$ cat entry36.cif   # mmCIF, C-alpha atoms and all ligand atoms
data_start
#
loop_
_atom_site.label_atom_id
_atom_site.label_comp_id
_atom_site.auth_asym_id
_atom_site.auth_seq_id
_atom_site.Cartn_x
_atom_site.Cartn_y
_atom_site.Cartn_z
CA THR A 10 -47.10 11.53 -27.03
CA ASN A 11 -44.02 10.94 -29.19
CA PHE A 12 -44.75 13.97 -31.38
CA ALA A 13 -45.10 16.48 -28.54
CA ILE A 14 -41.76 15.47 -27.03
CA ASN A 15 -40.14 15.33 -30.46
CA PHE A 16 -41.43 18.82 -31.21
CA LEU A 17 -40.17 20.22 -27.91
CA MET A 18 -36.76 18.56 -28.19
CA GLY A 19 -36.38 19.61 -31.81
CA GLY A 20 -37.15 23.07 -30.50
CA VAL A 21 -34.37 22.65 -27.96
CA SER A 22 -31.84 21.47 -30.54
CA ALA A 23 -32.64 24.32 -32.93
CA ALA A 24 -32.61 26.81 -30.06
CA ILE A 25 -29.15 25.77 -28.87
CA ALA A 26 -27.82 25.59 -32.44
CA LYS A 27 -28.96 29.13 -33.26
CA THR A 28 -28.07 30.57 -29.84
CA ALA A 29 -24.47 29.34 -30.04
CA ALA A 30 -23.95 31.10 -33.38
CA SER A 31 -25.92 34.24 -32.44
CA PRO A 32 -22.98 36.65 -31.91
CA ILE A 33 -21.36 36.11 -35.32
CA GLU A 34 -24.89 36.31 -36.73
CA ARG A 35 -25.40 39.77 -35.25
CA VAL A 36 -21.96 40.75 -36.51
CA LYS A 37 -23.09 39.60 -39.95
CA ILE A 38 -26.26 41.68 -39.71
CA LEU A 39 -24.33 44.75 -38.53
CA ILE A 40 -21.68 44.56 -41.26
CA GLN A 41 -24.34 43.85 -43.90
CA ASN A 42 -26.59 46.84 -43.16
CA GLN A 43 -24.04 49.39 -41.94
CA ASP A 44 -24.79 51.97 -44.65
CA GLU A 45 -28.46 52.11 -43.69
CA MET A 46 -27.35 52.68 -40.11
CA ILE A 47 -25.10 55.51 -41.26
CA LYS A 48 -28.01 57.11 -43.13
CA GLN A 49 -30.23 56.70 -40.06
CA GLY A 50 -27.48 58.10 -37.84
CA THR A 51 -27.47 54.95 -35.73
CA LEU A 52 -23.84 54.24 -36.61
CA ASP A 53 -20.92 56.65 -36.23
CA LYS A 54 -18.35 55.24 -38.67
CA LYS A 55 -18.22 52.26 -41.03
CA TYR A 56 -16.96 48.89 -39.76
CA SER A 57 -13.45 47.98 -40.92
CA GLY A 58 -14.25 44.28 -40.60
CA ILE A 59 -15.46 41.41 -38.44
CA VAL A 60 -12.89 41.89 -35.67
CA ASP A 61 -13.54 45.64 -35.56
CA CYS A 62 -17.27 44.99 -35.29
CA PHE A 63 -16.69 42.59 -32.41
CA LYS A 64 -14.44 45.06 -30.58
CA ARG A 65 -16.69 48.09 -31.06
CA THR A 66 -19.92 46.25 -30.23
CA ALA A 67 -18.41 44.63 -27.13
CA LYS A 68 -16.92 47.94 -25.98
CA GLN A 69 -20.09 49.99 -26.47
CA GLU A 70 -22.83 47.53 -25.51
CA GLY A 71 -21.25 44.50 -23.85
CA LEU A 72 -21.08 40.71 -24.20
CA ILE A 73 -24.75 39.80 -23.74
CA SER A 74 -25.68 42.29 -26.46
CA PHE A 75 -24.24 39.83 -28.97
CA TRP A 76 -27.39 37.79 -28.36
CA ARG A 77 -29.69 40.74 -29.06
CA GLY A 78 -32.78 39.60 -30.95
CA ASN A 79 -32.07 35.89 -30.43
CA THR A 80 -35.46 35.40 -28.75
CA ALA A 81 -37.06 35.78 -32.17
CA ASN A 82 -34.81 33.03 -33.53
CA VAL A 83 -35.80 30.79 -30.62
CA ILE A 84 -39.55 31.36 -30.95
CA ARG A 85 -39.48 31.14 -34.76
CA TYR A 86 -39.07 27.34 -34.64
CA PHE A 87 -42.53 26.47 -33.33
CA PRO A 88 -44.76 28.04 -35.99
CA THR A 89 -42.27 26.99 -38.68
CA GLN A 90 -42.26 23.29 -37.78
CA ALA A 91 -46.02 23.27 -37.17
CA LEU A 92 -46.63 24.50 -40.72
CA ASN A 93 -43.97 22.20 -42.18
CA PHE A 94 -45.16 19.11 -40.31
CA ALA A 95 -48.62 19.78 -41.75
CA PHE A 96 -48.02 21.05 -45.29
CA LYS A 97 -44.47 20.31 -46.51
CA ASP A 98 -45.10 16.69 -47.53
CA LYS A 99 -48.42 17.75 -49.05
CA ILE A 100 -46.81 20.51 -51.11
CA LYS A 101 -43.95 18.22 -52.15
CA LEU A 102 -46.38 15.73 -53.70
CA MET A 103 -48.36 18.63 -55.15
CA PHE A 104 -45.55 19.92 -57.38
CA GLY A 105 -43.51 16.72 -57.39
CA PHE A 106 -42.49 14.49 -60.27
CA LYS A 107 -40.61 11.21 -59.93
CA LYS A 108 -36.84 11.57 -60.33
CA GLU A 109 -36.88 8.54 -62.64
CA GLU A 110 -39.14 10.28 -65.16
CA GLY A 111 -36.91 13.28 -65.83
CA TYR A 112 -34.58 15.78 -64.19
CA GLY A 113 -35.89 18.94 -65.85
CA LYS A 114 -39.34 18.26 -64.42
CA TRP A 115 -38.17 17.10 -60.98
CA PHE A 116 -35.88 20.11 -60.49
CA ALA A 117 -38.68 22.51 -61.40
CA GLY A 118 -40.80 20.53 -58.96
CA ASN A 119 -38.27 21.19 -56.21
CA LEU A 120 -38.18 24.89 -57.08
CA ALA A 121 -41.97 25.19 -57.01
CA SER A 122 -42.40 23.12 -53.83
CA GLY A 123 -39.61 24.88 -51.94
CA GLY A 124 -40.75 28.31 -53.08
CA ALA A 125 -44.42 27.76 -52.28
CA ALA A 126 -43.77 26.16 -48.88
CA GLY A 127 -41.19 28.81 -47.98
CA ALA A 128 -43.52 31.65 -48.94
CA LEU A 129 -46.40 29.99 -47.08
CA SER A 130 -44.26 29.83 -43.95
CA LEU A 131 -43.00 33.40 -44.36
CA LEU A 132 -46.64 34.54 -44.53
CA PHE A 133 -46.80 33.94 -40.78
CA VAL A 134 -43.10 34.00 -39.94
CA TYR A 135 -41.54 37.01 -41.74
CA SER A 136 -42.40 39.33 -38.83
CA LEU A 137 -39.97 37.48 -36.56
CA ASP A 138 -37.13 37.68 -39.09
CA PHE A 139 -37.87 41.38 -39.48
CA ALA A 140 -37.82 41.95 -35.72
CA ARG A 141 -34.63 39.90 -35.50
CA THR A 142 -32.89 42.01 -38.13
CA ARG A 143 -34.04 45.34 -36.70
CA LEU A 144 -33.18 44.40 -33.10
CA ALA A 145 -29.76 43.22 -34.25
CA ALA A 146 -29.22 46.38 -36.28
CA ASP A 147 -29.98 49.21 -33.85
CA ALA A 148 -26.86 49.93 -31.82
CA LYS A 149 -26.38 51.97 -28.65
CA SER A 150 -24.12 55.01 -29.06
CA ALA A 156 -29.84 55.45 -26.80
CA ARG A 157 -31.16 52.36 -28.58
CA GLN A 158 -33.64 52.80 -31.43
CA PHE A 159 -35.77 49.90 -30.20
CA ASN A 160 -36.61 48.87 -26.63
CA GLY A 161 -37.47 45.27 -27.51
CA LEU A 162 -39.37 42.87 -29.76
CA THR A 163 -42.85 44.16 -28.95
CA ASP A 164 -41.45 47.67 -29.25
CA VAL A 165 -40.34 46.85 -32.80
CA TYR A 166 -43.81 45.53 -33.63
CA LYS A 167 -45.56 48.56 -32.08
CA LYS A 168 -43.40 51.26 -33.64
CA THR A 169 -43.19 49.58 -37.05
CA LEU A 170 -46.98 49.20 -37.15
CA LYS A 171 -47.45 52.79 -35.99
CA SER A 172 -45.02 54.20 -38.57
CA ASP A 173 -45.33 51.93 -41.61
CA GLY A 174 -48.21 49.61 -40.76
CA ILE A 175 -48.26 45.93 -41.69
CA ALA A 176 -46.19 46.78 -44.78
CA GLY A 177 -43.21 47.70 -42.61
CA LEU A 178 -43.20 44.24 -41.04
CA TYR A 179 -42.92 42.72 -44.51
CA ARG A 180 -40.02 44.57 -46.15
CA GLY A 181 -38.18 42.54 -48.77
CA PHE A 182 -40.63 39.64 -48.99
CA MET A 183 -40.33 39.08 -52.75
CA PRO A 184 -36.52 39.04 -52.86
CA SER A 185 -36.64 36.68 -49.87
CA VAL A 186 -38.88 34.27 -51.76
CA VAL A 187 -36.77 34.54 -54.91
CA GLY A 188 -33.73 34.19 -52.65
CA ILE A 189 -35.12 30.94 -51.25
CA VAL A 190 -35.80 29.63 -54.76
CA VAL A 191 -32.33 30.53 -56.08
CA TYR A 192 -30.57 29.20 -52.98
CA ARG A 193 -32.52 25.94 -53.29
CA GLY A 194 -31.88 25.48 -57.01
CA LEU A 195 -28.17 26.20 -56.70
CA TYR A 196 -27.91 23.96 -53.65
CA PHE A 197 -29.51 20.90 -55.23
CA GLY A 198 -27.81 21.61 -58.56
CA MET A 199 -24.28 21.92 -57.19
CA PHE A 200 -24.80 19.01 -54.79
CA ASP A 201 -26.20 16.63 -57.41
CA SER A 202 -23.43 17.67 -59.80
CA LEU A 203 -20.89 16.61 -57.17
CA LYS A 204 -21.71 12.98 -56.37
CA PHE A 220 -19.41 14.49 -46.21
CA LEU A 221 -17.40 17.70 -46.61
CA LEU A 222 -18.63 18.74 -50.05
CA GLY A 223 -22.04 19.52 -48.57
CA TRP A 224 -20.56 22.42 -46.63
CA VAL A 225 -18.93 23.57 -49.87
CA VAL A 226 -22.29 23.47 -51.66
CA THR A 227 -23.94 25.35 -48.79
CA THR A 228 -21.19 27.99 -48.83
CA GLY A 229 -21.48 28.40 -52.59
CA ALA A 230 -25.27 28.60 -52.62
CA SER A 231 -25.29 31.08 -49.75
CA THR A 232 -22.58 33.22 -51.33
CA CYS A 233 -24.27 33.29 -54.75
CA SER A 234 -27.73 34.06 -53.38
CA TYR A 235 -26.34 36.53 -50.83
CA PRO A 236 -27.07 39.80 -52.71
CA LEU A 237 -30.81 39.05 -52.52
CA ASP A 238 -30.44 38.61 -48.76
CA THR A 239 -28.57 41.91 -48.53
CA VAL A 240 -31.27 43.70 -50.52
CA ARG A 241 -33.93 42.09 -48.33
CA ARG A 242 -32.33 43.12 -45.03
CA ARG A 243 -31.55 46.66 -46.21
CA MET A 244 -35.19 46.91 -47.28
CA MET A 245 -36.00 45.86 -43.71
CA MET A 246 -33.72 48.71 -42.64
CA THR A 247 -35.57 51.29 -44.73
CA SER A 248 -38.74 50.54 -42.76
CA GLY A 249 -39.75 53.35 -40.40
CA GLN A 250 -37.51 55.89 -42.11
CA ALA A 251 -38.49 58.83 -44.31
CA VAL A 252 -36.76 57.50 -47.42
CA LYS A 253 -37.25 54.01 -48.89
CA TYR A 254 -36.41 52.11 -52.07
CA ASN A 255 -38.94 51.73 -54.88
CA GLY A 256 -38.80 47.94 -54.81
CA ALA A 257 -36.12 45.26 -54.74
CA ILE A 258 -34.84 46.07 -58.23
CA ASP A 259 -34.59 49.78 -57.45
CA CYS A 260 -32.80 48.86 -54.22
CA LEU A 261 -30.34 46.65 -56.10
CA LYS A 262 -29.63 49.25 -58.79
CA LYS A 263 -29.24 52.08 -56.27
CA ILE A 264 -26.89 50.02 -54.09
CA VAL A 265 -24.70 48.96 -57.02
CA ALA A 266 -24.67 52.52 -58.38
CA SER A 267 -23.84 54.18 -55.06
CA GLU A 268 -21.48 51.74 -53.33
CA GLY A 269 -20.51 49.16 -55.93
CA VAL A 270 -21.31 45.50 -56.56
CA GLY A 271 -19.07 44.22 -53.77
CA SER A 272 -21.22 46.09 -51.26
CA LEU A 273 -23.86 43.43 -51.94
CA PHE A 274 -21.54 40.88 -50.33
CA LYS A 275 -21.05 42.57 -46.95
CA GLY A 276 -21.22 40.04 -44.11
CA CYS A 277 -20.89 37.02 -46.40
CA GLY A 278 -17.65 35.88 -44.76
CA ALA A 279 -19.18 36.31 -41.32
CA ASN A 280 -22.11 34.28 -42.63
CA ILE A 281 -19.70 31.50 -43.56
CA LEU A 282 -18.17 31.70 -40.08
CA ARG A 283 -21.69 31.39 -38.71
CA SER A 284 -22.10 28.31 -40.90
CA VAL A 285 -19.00 26.54 -39.58
CA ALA A 286 -19.78 27.50 -35.97
CA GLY A 287 -23.35 26.28 -36.32
CA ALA A 288 -22.10 23.05 -37.88
CA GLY A 289 -19.72 22.55 -34.97
CA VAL A 290 -22.23 23.13 -32.20
CA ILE A 291 -24.97 21.12 -33.94
CA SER A 292 -22.50 18.25 -34.34
CA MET A 293 -21.50 18.36 -30.67
CA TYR A 294 -25.09 18.64 -29.43
CA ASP A 295 -26.02 15.81 -31.78
CA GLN A 296 -23.39 13.63 -30.12
CA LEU A 297 -24.64 14.54 -26.64
CA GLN A 298 -28.17 13.83 -27.88
CA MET A 299 -26.91 10.47 -29.11
CA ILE A 300 -25.49 9.67 -25.68
CA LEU A 301 -28.62 10.72 -23.77
CA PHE A 302 -31.49 9.84 -26.11
CA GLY A 303 -31.61 6.84 -28.44
CA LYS A 304 -31.99 9.06 -31.51
CA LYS A 305 -31.54 12.75 -32.32
CA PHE A 306 -34.56 15.06 -32.33
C1 LIG B 1 -32.27 35.69 -49.74
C2 LIG B 1 -31.95 34.88 -48.75
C3 LIG B 1 -30.73 34.04 -48.73
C4 LIG B 1 -31.03 32.71 -49.40
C5 LIG B 1 -32.32 32.06 -48.88
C6 LIG B 1 -32.66 32.27 -47.39
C7 LIG B 1 -32.45 30.99 -46.55
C8 LIG B 1 -31.06 30.40 -46.78
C9 LIG B 1 -33.49 29.99 -47.03
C10 LIG B 1 -33.51 28.74 -46.17
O1 LIG B 1 -34.50 27.85 -46.69
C11 LIG B 1 -34.34 26.50 -46.26
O2 LIG B 1 -33.69 25.75 -47.29
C12 LIG B 1 -33.49 24.38 -46.93
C13 LIG B 1 -32.64 23.70 -47.99
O3 LIG B 1 -33.29 23.79 -49.26
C14 LIG B 1 -34.84 23.69 -46.80
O4 LIG B 1 -34.64 22.35 -46.37
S1 LIG B 1 -35.34 21.18 -47.07
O5 LIG B 1 -36.77 21.50 -47.28
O6 LIG B 1 -35.24 19.97 -46.22
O7 LIG B 1 -34.69 20.92 -48.37
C15 LIG B 1 -35.72 24.41 -45.77
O8 LIG B 1 -37.06 23.94 -45.90
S2 LIG B 1 -37.78 23.33 -44.70
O9 LIG B 1 -39.20 23.11 -45.05
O10 LIG B 1 -37.16 22.04 -44.34
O11 LIG B 1 -37.70 24.27 -43.55
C16 LIG B 1 -35.72 25.93 -45.97
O12 LIG B 1 -36.22 26.54 -44.78
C17 LIG B 1 -37.56 27.09 -44.94
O13 LIG B 1 -38.11 26.99 -46.02
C18 LIG B 1 -38.24 27.76 -43.77
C19 LIG B 1 -38.75 29.13 -44.19
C20 LIG B 1 -39.43 29.83 -43.03
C21 LIG B 1 -37.63 29.99 -44.76
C22 LIG B 1 -33.86 29.11 -44.74
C23 LIG B 1 -32.87 30.10 -44.14
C24 LIG B 1 -31.61 29.35 -43.78
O14 LIG B 1 -30.50 29.93 -43.70
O15 LIG B 1 -31.72 28.12 -43.55
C25 LIG B 1 -33.46 30.62 -42.85
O16 LIG B 1 -34.64 31.03 -42.86
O17 LIG B 1 -32.74 30.62 -41.83
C26 LIG B 1 -32.74 31.32 -45.08
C27 LIG B 1 -31.82 32.43 -44.58
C28 LIG B 1 -32.20 33.71 -45.30
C29 LIG B 1 -32.06 33.58 -46.82
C30 LIG B 1 -30.60 33.73 -47.25
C31 LIG B 1 -32.78 34.72 -47.52
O18 LIG B 1 -32.73 35.90 -46.71
#

$ encode --input "entry36.cif" --output "structure tokens" --more "lines below"
Ligand SMILES: C=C1[C@@H]2CC[C@H]3[C@]4(C)C[C@H](O[C@@H]5O[C@H](CO)[C@@H](OS(=O)(=O)O)[C@H](OS(=O)(=O)O)[C@H]5OC(=O)CC(C)C)CC(C(=O)O)(C(=O)O)[C@H]4CC[C@]3(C2)[C@H]1O
Amino acid sequence: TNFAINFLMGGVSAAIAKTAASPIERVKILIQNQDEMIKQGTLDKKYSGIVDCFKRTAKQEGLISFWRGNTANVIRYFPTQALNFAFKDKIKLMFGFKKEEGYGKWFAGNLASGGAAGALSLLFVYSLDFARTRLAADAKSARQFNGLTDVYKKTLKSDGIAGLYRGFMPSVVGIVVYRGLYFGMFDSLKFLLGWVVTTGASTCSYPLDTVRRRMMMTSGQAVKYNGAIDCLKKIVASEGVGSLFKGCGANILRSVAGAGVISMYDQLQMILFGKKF
């Protein structure tokens, strides 16, 4: 019975952790993909910053709208953990070398394991991230999407199954790069430095995330990029390199907020239950 309750309570912890940081997350998504919104006509004028995004979004839509799409983040836990509880340890020993043998082999092992497991999860999961991004992106001025199922329906009707999986490759590569830089920077520096490593890894692997999400944005529209590389080149050529880093600061804010609320809830969990879930 221990596993069922552990699964449910882990679900609760993750749900609260993500829900608490949901507004700044949606702000991140809005600032990141604003140009696509401008092309689609969803947005009127570009966001001046985080504060401006907060003010405009709150004024036009309201307070609860800051949690738009969060349901996907809440549901996403269950299939993710189910696949990880079943395959992650198996995949780790599949590509894994002992750290005592060598570092060049072990590191590659981590890259392969993380990449394969991440891709395997995204094979079932990516739809929810897509729906999350799209639901966070469409803003009332008449909303583009009515809900989650509406996103699924209309995306399938317009683009098919391909539309649900926009930016899969740069997401996998993004996971690999983020992982490698995380473990590299962390092992090079050897509990505050962990947040520094996370911030660095997220910031350095951020352009791939931007490309991914904007590729998600191109879904359903008449015009789309000819791949992740074409997307990257077009973005850099049209808006500049810095445009690849839109929403990165808000992402960091999301990181510190998430850290805060997960710490607090972990303490409450400590008081109530013997151990954290
Ligand atoms: C291109 C990018 C940027 C860089 C890579 C990813 C993540 C950071 C990649 C990150 O990827 C996580 O990286 C962690 C640190 O190595 C790793 O932890 S560890 O194994 O214990 O070491 C997690 O593996 S897991 O098996 O425990 O669960 C892994 O999550 C997944 O593999 C779940 C997949 C469904 C993604 C997950 C995630 C996160 O912010 O945490 C998430 O899905 O929320 C991504 C956000 C989106 C981007 C941002 C993707 O757009």

$ axis_aligned_box --input "entry36.cif" --around "ligand LIG 1 (chain B)" --padding-each-side "5 Å" --output "JSON"
{"center_x": -35.0, "center_y": 27.9, "center_z": -45.8, "size_x": 18.9, "size_y": 25.9, "size_z": 17.9}

$ residues_near_ligand --input "entry36.cif" --ligand "ligand LIG 1 (chain B)" --cutoff "6 Å" --atoms "all atoms listed in the file" --output "PyMOL selection string"
chain A and resi 89+93+127+130-131+185+188-189+192-193+231+234-235+237-238

$ atom_distance --input "entry36.cif" --atom1 "atom CA of residue A:59" --atom2 "atom CA of residue A:282"
10.2 Å

$ atom_distance --input "entry36.cif" --atom1 "atom CA of residue A:71" --atom2 "atom CA of residue A:167"
26.0 Å

$ residues_around --input "entry36.cif" --residues "residue A:164" --least-positions-apart "6" --cutoff "10 Å" --atoms "all atoms listed in the file" --output "number ranges by chain"
A: 140, 144, 158, 170

$ closest_residue --input "entry36.cif" --among "A:102, A:191, A:286, A:46" --to "residue A:115" --atoms "only C-alpha atoms"
A:102

$ atom_distance --input "entry36.cif" --atom1 "atom CA of residue A:148" --atom2 "atom CA of residue A:276"
16.8 Å

$ closest_residue --input "entry36.cif" --among "A:190, A:268, A:129, A:138" --to "residue A:117" --atoms "all atoms listed in the file"
A:190

$ closest_atom_pairs --input "entry36.cif" --of "stretch 199-260 of chain A" --to "stretch 22-41 of chain A" --cutoff "12 Å" --atoms "only C-alpha atoms" --output "JSON lines"
{"residue": "A:235", "atom": "CA", "partner": "A:41", "partner_atom": "CA", "distance": 10.3}
{"residue": "A:236", "atom": "CA", "partner": "A:41", "partner_atom": "CA", "distance": 10.1}
{"residue": "A:237", "atom": "CA", "partner": "A:41", "partner_atom": "CA", "distance": 11.8}
{"residue": "A:238", "atom": "CA", "partner": "A:41", "partner_atom": "CA", "distance": 9.4}
{"residue": "A:239", "atom": "CA", "partner": "A:41", "partner_atom": "CA", "distance": 6.6}
{"residue": "A:240", "atom": "CA", "partner": "A:41", "partner_atom": "CA", "distance": 9.6}
{"residue": "A:241", "atom": "CA", "partner": "A:41", "partner_atom": "CA", "distance": 10.7}
{"residue": "A:242", "atom": "CA", "partner": "A:41", "partner_atom": "CA", "distance": 8.1}
{"residue": "A:243", "atom": "CA", "partner": "A:41", "partner_atom": "CA", "distance": 8.1}
{"residue": "A:244", "atom": "CA", "partner": "A:41", "partner_atom": "CA", "distance": 11.8}
{"residue": "A:245", "atom": "CA", "partner": "A:38", "partner_atom": "CA", "distance": 11.3}
{"residue": "A:246", "atom": "CA", "partner": "A:41", "partner_atom": "CA", "distance": 10.6}

$ closest_residue --input "entry36.cif" --among "A:84, A:109, A:121, A:51" --to "residue A:159" --atoms "all atoms listed in the file"
A:51
